[PDB]
Undergrad: 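So that we are looking at the same thing, I have put the structure below in structure tokens.
Here is how names work: the chains are called A, B, and so on, in the same order as the sequence lines, proteins then strands, and each is numbered from 1. Both counts, for ligands and for their atoms, begin at 1 and track the order of listing.
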Protein chains: 2
Amino acid sequence: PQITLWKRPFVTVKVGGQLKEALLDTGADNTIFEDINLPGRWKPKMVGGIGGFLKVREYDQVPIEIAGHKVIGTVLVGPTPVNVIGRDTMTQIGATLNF
Amino acid sequence: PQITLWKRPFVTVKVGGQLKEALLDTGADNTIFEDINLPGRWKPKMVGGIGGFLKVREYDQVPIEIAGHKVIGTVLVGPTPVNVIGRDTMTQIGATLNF
Ligand SMILES: CC(C)(C)NC(=O)[C@@H]1C[C@@H]2CCCC[C@@H]2CN1C[C@@H](O)[C@H](Cc1ccccc1)NC(=O)[C@H](CC(N)=O)NC(=O)c1ccc2ccccc2n1
Ligand SMILES: CC(C)(C)NC(=O)[C@@H]1C[C@@H]2CCCC[C@@H]2CN1C[C@@H](O)[C@H](Cc1ccccc1)NC(=O)[C@H](CC(N)=O)NC(=O)c1ccc2ccccc2n1
Ligand SMILES: [Cl-]
Ligand SMILES: [Cl-]
């Protein structure tokens, strides 16, 4: 699809077997969710942004379906106010900005 | 242009009289700079991000040039780690996210 930006660009994704919504974010390096439970091991990571840093769990090679496509990549989990799909995932579905 | 997302999507912008660079950020509501100086009075404003809330200066009706499109918008000046072009400016140049 072609998405205008008059509203925040959320999309449906499936991760860990659950349907979630997340913000398509061209400014973010990373992909992060609040309250999803993933299997397998994780490693601690800190991510920074406006206002400071977030302590998260990093899970590697996680399948995400976004809203229709299969991506495998890194997923962060921590107490974020919003789920975000960052460039690490969006490059794998060929997302582009156009103007 | 049509911009892929393998690198961070920075663009050249002229804000006030000054050439700067900033991140095209579909996950940001606002346009925020740290390294510009704008004249005159400003209004206090608070913005949120992943880590908490920051105090910024709001300057109204500021000219912004990006990719040859000259627009007039609200520019915030605050302790952001990265200059960001948010959806408020991107909608004015007709930017879309596509996949
Ligand atoms: C933006 C922030 C998330 C705070 N990250 C950083 O500031 C990291 C932190 C790292 C650990 C501590 C020591 C410094 C390194 C490198 N910095 C990068 C920082 O010092 C450096 C500033 C700079 C820019 C241009 C020319 C010279 C210097 N940025 C850079 O070199 C490149 C610029 C680019 N176009 O990619 N940017 C980044 O490295 C950077 C990293 C994460 C980001 C996440 C989201 C959005 C933008 C992000 N930009
Ligand atoms: C989410 C995460 C992966 C941690 N990445 C980032 O946060 C990186 C960090 C980078 C270095 C510092 C400068 C910003 C860049 C780009 N950001 C992405 C960037 O897109 C980021 C994503 C985001 C949105 C909403 C809430 C939190 C976080 N947007 C923002 O930080 C913008 C800033 C603003 N006020 O315009 N925030 C918002 O637009 C915004 C909207 C609604 C909100 C509701 C509650 C609380 C905070 C809310 N913030
Ligand atoms: Cl959700
Ligand atoms: Cl990020």
Undergrad: Within the 4.0 Å heavy-atom shell around B/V82, which atoms of ligand 1 are there?
TA: 1 (C)
Undergrad: For atom 1 (C) of ligand 1, state whether the nearest protein heavy atom is under 4.0 Å away.
TA: yes
Undergrad: side-chain contact (heavy atoms from CB on, under 4.5 Å), that's the test. Do B/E65 and B/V13 meet it? Break it down for me.
TA: CA-CA 6 Å; B/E65 177 134 24; B/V13 303; over 6 Å; no
Undergrad: Give the atoms of ligand 1, by number and element, whose distance to some non-hydrogen atom of B/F10 is under 4.0 Å.
TA: 34 (C), 35 (N)
Undergrad: Could you tell me whether a side-chain N or O of B/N30 sits under 3.5 Å from a main-chain N or O of B/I32, the two making a donor and an acceptor?
TA: no
Undergrad: From atom 4 (C) of ligand 1, work out which of B/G27, B/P81, B/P9 has a heavy atom at the shortest distance.
TA: B/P81
Undergrad: Checking contacts now, so for atom 31 (O) of ligand 1, which I'm interested in, is there any protein heavy atom under 4.0 Å?
TA: no
Undergrad: Under 4.0 Å, heavy atoms only, figure out whether ligand 1 is touched by the backbone of B/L23, its side chain, both or neither.
TA: side chain
Undergrad: Any protein heavy-atom neighbour for atom 48 (C) of ligand 1 (distance below 4.0 angstrom)?
TA: yes
Undergrad: Shortest non-hydrogen contact from B/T80 to B/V82?
TA: OG1-O, 2.7 Å
Undergrad: Going by the angle between their ring planes, with limits at 30° and 60°, are B/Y59 and B/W42 parallel, tilted or perpendicular?
TA: tilted
Undergrad: Might you check, step by step, whether the distance between atom 43 (C) of ligand 1 and some protein heavy atom is under 4.0 Å?
TA: yes
Undergrad: For atom 3 (C) of ligand 1, what is the nearest protein heavy atom, given as residue, atom name and distance?
TA: A/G48 O, 4.7 Å
Undergrad: Evaluate the 4.0 Å heavy atom contact test for atom 35 (N) of ligand 1: does a protein atom fall under the cut-off?
TA: yes
Undergrad: Regarding B/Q2 and A/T96, do their side chains bring together a donor and an acceptor under 3.5 Å, going by distance alone?
TA: yes
Undergrad: Might you check, step by step, whether the distance between atom 12 (C) of ligand 1 and some protein heavy atom is under 4.0 Å?
TA: no
Undergrad: Quick one: does atom 7 (O) of ligand 1 have a protein heavy atom under 4.0 Å from it?
TA: no
Undergrad: Please report whether atom 39 (O) of ligand 1 has a protein non-hydrogen atom at a separation of less than 4.0 Å.
TA: yes
Undergrad: For A/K14, is the NZ atom crowded, meaning more than 12 foreign heavy atoms sit under 6.0 Å from it?
TA: no
Undergrad: Roughly how far, to the nearest 0.5 Å, is the CD1 atom of A/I85 from the OG1 atom of B/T26?
TA: 11.0 Å
Undergrad: Is there a nitrogen or oxygen of B/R8 sitting under 3.5 Å from a nitrogen or oxygen of ligand 1?
TA: yes
Undergrad: State, without any angle test, whether B/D88 and B/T31 hold a side-chain donor-acceptor pair at a distance under 3.5 Å.
TA: yes
Undergrad: Which heavy atom in B/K45 sits nearest to a heavy atom in B/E58, and how many Å separate them?
TA: CD-OE1, 3.6 Å
